[PDB]
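Accompanying notes for the structure given below.
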Amino acid sequence: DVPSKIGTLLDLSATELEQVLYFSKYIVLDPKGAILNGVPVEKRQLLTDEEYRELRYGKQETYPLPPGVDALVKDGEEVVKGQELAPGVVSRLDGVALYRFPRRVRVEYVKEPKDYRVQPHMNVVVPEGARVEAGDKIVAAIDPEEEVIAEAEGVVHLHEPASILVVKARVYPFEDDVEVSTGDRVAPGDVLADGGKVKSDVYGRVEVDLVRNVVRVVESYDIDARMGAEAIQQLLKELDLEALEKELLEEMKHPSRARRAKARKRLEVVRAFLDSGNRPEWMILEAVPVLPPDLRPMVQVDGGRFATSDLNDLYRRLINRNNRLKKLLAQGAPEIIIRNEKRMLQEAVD
Amino acid sequence: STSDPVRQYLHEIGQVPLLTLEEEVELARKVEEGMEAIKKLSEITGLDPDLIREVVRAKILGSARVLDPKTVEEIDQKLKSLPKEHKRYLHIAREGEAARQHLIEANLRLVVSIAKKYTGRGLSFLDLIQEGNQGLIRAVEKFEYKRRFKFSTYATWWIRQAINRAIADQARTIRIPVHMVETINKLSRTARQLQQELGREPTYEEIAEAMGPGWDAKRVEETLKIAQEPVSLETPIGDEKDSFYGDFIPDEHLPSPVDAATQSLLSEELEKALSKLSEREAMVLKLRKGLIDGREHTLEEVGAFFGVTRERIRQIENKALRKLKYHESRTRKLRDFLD
DNA sequence: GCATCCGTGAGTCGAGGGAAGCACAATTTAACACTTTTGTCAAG
DNA sequence: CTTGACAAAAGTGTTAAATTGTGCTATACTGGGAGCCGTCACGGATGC
C-alpha cells in the first residue's frame with residue numbers, strides 16, 4: 001500500500017523492502033566487525049547474496065587442471081592474484097593452494113621412485129612428503145585388492161591433481177589434539193590446539209584437516225544478516241517511537257521544504273502508532289487467523305455435487321507450505337531450500 | 001527475475017557448480033563416514049544417536065539457525081572433552097555433516113529436471129520442486145557409494161517418489177487416500193485406451209471388464225462419483241461478471257421464518273393441551289418426552305424424580321396420554337401440526 | 001519538471017448458466033455374540 | 001400403587017476384514033515455458 005507503512009517507519013524504499021521481504025538481499029543486523037571491500041559494515045546495510053557469502057564464508061575458487069598436466073605449485077603453498085597454478089591456469093585470488101584429487105602418488109623408497117595411479121573411487125590417506133613405514137596404508141579403496149600400500153620406508157609425493165583449490169585462510173600446523181573442530185567460528189587469540197600454543201590470528205571459520213594435521217581458519221566474519229519478515233520484524237521491534245519522534249521533529253525545522261515535507265509524512269505514521277497504542281511489529285504476522293467455516297462453506301448441492309469457496313484453496317496452500325517448511329527445518333536442509341520455502345510461504349500469505 | 005519466483009530460484013541453484021565423478025564420490029564417502037562416526041560417538045558417550053546428530057548439525061549450520069542453544073553448547077563441550085582417539089570421530093562427524101549439505105546443494109538441478117514433467121497435475125512448479133527436494137534429502141541419507149552407481153541413478157527414484165506422493169496427498173480439496181488415487185488413475189488410463197479403440201466413450205461395463213476381477217459396472221460408477229472435484233462457489237455464470245454459483249444455492253440449515261413460527265405455534269398449543277392434564281400427569285409426559293430437560297427420561301429415571309415405581313409411571317403416562325387423545329377428538333385443534 | 005505505479009469507470013431485470021505398483025504395518029470399521037437396561041404383561 | 005417374569009432394545013467386548021499410511025525401487029539422467037497489443041484512458045500520488 002503506497003507509501004508502505006513498514007517502509008516509512010524503517011526508512012526503506014519500496015524496492016529495498018521487497019528485496020528483503022522476498023529473499024533477494026540481506027539486511028545487516030549486527031556487523032560483528034565485518035569489513036566489506038575495506039569499508040566496515042554498518043547496521044541496516046543491504047547485502048547481496050554474493051556479498052553475504054564473501055563475508056560469512058570467505059573467498060575460495062577451484063581451478064580444474066587439464067588431465068595429465070602437473071601443477072607448477074605445491075600442496076599448501078600460498079599464492080598471489082594472477083600467479084600461475086598450473087601450466088594453463090592462473091589463479092584470481094591469493095591464498096593457500098590445496099591439491100583436490102591427486103591422480104598419482106610417487107612414493108620414494110630407500111634401498112626407487114615408484115608411481116601409483118589413483119582412480120575416482122580411491123582416496124589418498126596420507127599427506128604429501130610423509131615418511132610411511134613399510135606396511136602403512138597409502139591409498140585407500142573400496143576393494144582391499146586394489147588398496148595401495150608401501151613395500152618399505154619412503155616419502156609420498158602427490159602429483160597430477162584434478163584441480164587446485166585456492167582458499168583465503170590461515171594454516172596452523174599442530175601436533176597434539178585440536179581444541180576446536182570443523183565449523184567453529186573463532187576470533188584472534190582463540191586457542192586452536194596444543195593447549196593454547198596455537199591461536200587464531202584472524203576471524204574466520206575453522207576447518208581441521210586430519211590428513212594434513214593442520215587447522216585452516218577460513219577468513220570470514222560472523223555477520224548477522226537476515227532476509228524476509230524475520231529480519232524486518234527484528235528491526236520493527238527495536239524502533240523507539242519516542243526517540244524517533246524527536247529526531248523527526250528536529251528534522252522538521254530544516255530550511256529545505258522537501259526535507260520538511262518528508263519528515264512530516266514519516267512523523268504522521270509515528271504519531272499514529274504512539275497515540276493508537278499499536279506496536280509497529282504487529283504488521284508482521286506470526287499467527288494467521290482462519291475464517292469460520294460457515295463463511296467459507298463446503299456445501300453439498302441438491303445434485304450431490306460439492307461446492308466450496310476459494311478461501312479454502314488459499315488456506316490449504318498456506319497450510320501445505322507451512323507444514324513443509326517445518327519438516328525441512330527439522331531435516332537441517334540447506335539454506336537454498338529453506339529460503340525458497342520461506343519465500344513461497346510469504347507469497348502464500350500474500 | 002524478482003517478480004518471477006521460478007527464475008529467481010533457478011538463478012540461485014545455478015550458483016552451485018555441478019559435482020564431478022571424483023567430487024561426488026568424496027562427498028558421499030564423507031557422508032557415510034560421518035554417519036558411522038556418529039554411531040561410535042553414541043556408543044562412547046551413551047548419548048542418543050539422534051541427539052548427537054542434531055548437535056553436530058546445529059554447529060555446522062551455525063548461529064544463523066534458530067533443544068535450546070544452552071543444551072547444544074553443553075553437549076558440544078562434553079564431546080570436546082573426550083580423549084584424543086575419541087575426539088577424532090567428532091571431527092569426522094563434523095566433516096560428514098558439512099559434506100551432506102554440499103551434496104544436497106549440488107543436485108538441486110536434478111530435482112528441477114525431474115519436476116518439470118509433473119506440472120498440470122494439481123501442484124504448481126515450485127510446489128513440485130520442494131516436494132522433490134525432500135526426496136533428494138532422503139536419497140542422500142540412503143545412498144551407498146560402495147555399489148559404484150552414480151548418484152542420479154539412485155536419487156531419481158526418491159525424487160520422483162516424493163513428487164508423485166505429494167500430488168496424491170495435496171492435489172485435491174477433498175483428500176483421497178493414496179490407494180484410491182492409484183485406482184482412480186488406473187481407471188482413467190483404462191478408459192482412455194478403450195476409448196481410443198472403440199471409437200467412442202466406453203460404458204461402465206467395458207471399463208469394469210477391462211479393469212479385471214473384482215470390478216463391476218456399479219463399482220466403476222462409484223469410483224467416478226468419488227473422484228469428482230468440488231466446484232468453486234465464485235465461478236462466474238454468463239458474460240457479465242456479476243453472477244456466481246453461490247448466488248443460486250439456498251441455505252438449508254437455519255430454519256425459515258415459517259418453520260420457526262410453526263414450531264412455536266405447536267409448542268404453544270401443546271402447552272395449553274397439557275394444562276388440562278393433572279399436575280403430575282402433565283409433568284410425567286413433559287419428562288418422558290423430554291419437554292423439560294430436552295432429553296427423554298426412562299421410566300426408572302423418571303421414577304427417581306417422583307419416588308414412584310417404574311411400573312406406576314408407565315400407567316399414569318399411558319392414562320395421561322389417553323386423556324389427551326380424548327380432548328383432541330373434541331376440538332381437533334392439534335391435528336394440523338402432524339402433517 | 002518528468003517518470004512510474006495504482007485505482008476508477010449507473011441501476012434493476014433476465015434467461016442462460018453448474019500421469020507407477022507393490023509389500024507391509026496401522027488404523028478404522030463391521031460382524032457377532034453375549035450382558036445390562038427398558039418397556040411391558042399380569043397380577044395383588 | 002406395588003412385584004415377577006417376560007422379550008426386545010440398547011450397550012459392551014472381541015475379532016476378522018476393509019481400509020488407510022508409510023517406505024522403497026541402484027545404468028545414467030542435473031536451469032521452466034508460456035506468451036505475445038485496438039496493450040484503456042485519466043488523474044492522483046510518489047520518487048526523482
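These values consider heavy atoms only, across backbone and side chains, with no hydrogens, waters or symmetry-generated copies. So that the names make sense, note that chain A is the first sequence line, chain B the second, and so on, each numbered from 1.
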message: Considering every strand and a 4.0 Å limit on heavy-atom distances, what is the contact class for B:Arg189: base, sugar-phosphate, or nothing?
response: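 Sugar-phosphate contact only - B:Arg189 comes under 4.0 Å of backbone atoms but never of a base.
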- prompt: Touch check for B:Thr235, heavy atoms < 4.0 angstrom, all strands: base, sugar-phosphate only, or nothing?
  reply: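 Nothing, no heavy atom under 4.0 Å.
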query: Looking at B:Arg165, B:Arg175, B:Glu131, which hits side-chain hydrogen bond (donor to acceptor under 3.5 Å, both in side chains) with B:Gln170?
result: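 Output: one option passes, namely B:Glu131.
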- request: Can you tell me, in whole Å, how much space there is between the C1' of D:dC29 and that of C:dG17?
  value: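 The answer is 49 Å between these two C1' atoms.
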message: Work out how far the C1' atom of D:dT3 is from that of C:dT40, and round it to whole angstrom.
response: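 To the nearest whole Å, 14 Å.
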Indicate, yes or no, whether a donor-acceptor pair under 3.5 Å links the base of [N] to the side chain of [X].
| X | N | answer |
| --- | --- | --- |
| B:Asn185 | C:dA19 | no |
| B:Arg310 | C:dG39 | yes |
| B:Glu311 | D:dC1 | no |
| B:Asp242 | C:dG11 | no |
| B:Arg165 | D:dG23 | yes |

query: Under a cut-off of 3.5 Å for both distances of each Watson-Crick or G-U pair, what dot-bracket string does DNA chain C give, using [ ] for crossing pairs and | for inter-strand pairs?
result: .||||||.|..........||||.||.|.||||.|||...|||.
message: With nearest nucleotide decided by heavy atoms, which residue, B:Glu144 or B:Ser152, maps closer to the 5′ end of DNA chain D?
response: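 It is B:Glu144 whose nearest nucleotide is closer to the 5' end.
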field: Gap between atom CD1 of B:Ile104 and atom CD1 of A:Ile337 - 0.5 Å precision
entry: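 One gets 6.0 Å once the value is rounded to the nearest 0.5 Å.
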task: Return the 5'-most residue of the pair B:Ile249, B:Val178 with respect to DNA chain C, ranking by each residue's nearest nucleotide.
output: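 Counting from the 5' end, the first nearest nucleotide belongs to B:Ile249.
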query: So which one's nearest nucleotide on DNA chain C is more toward 5', B:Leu233 or B:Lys186?
result: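 Result of the comparison: B:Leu233.
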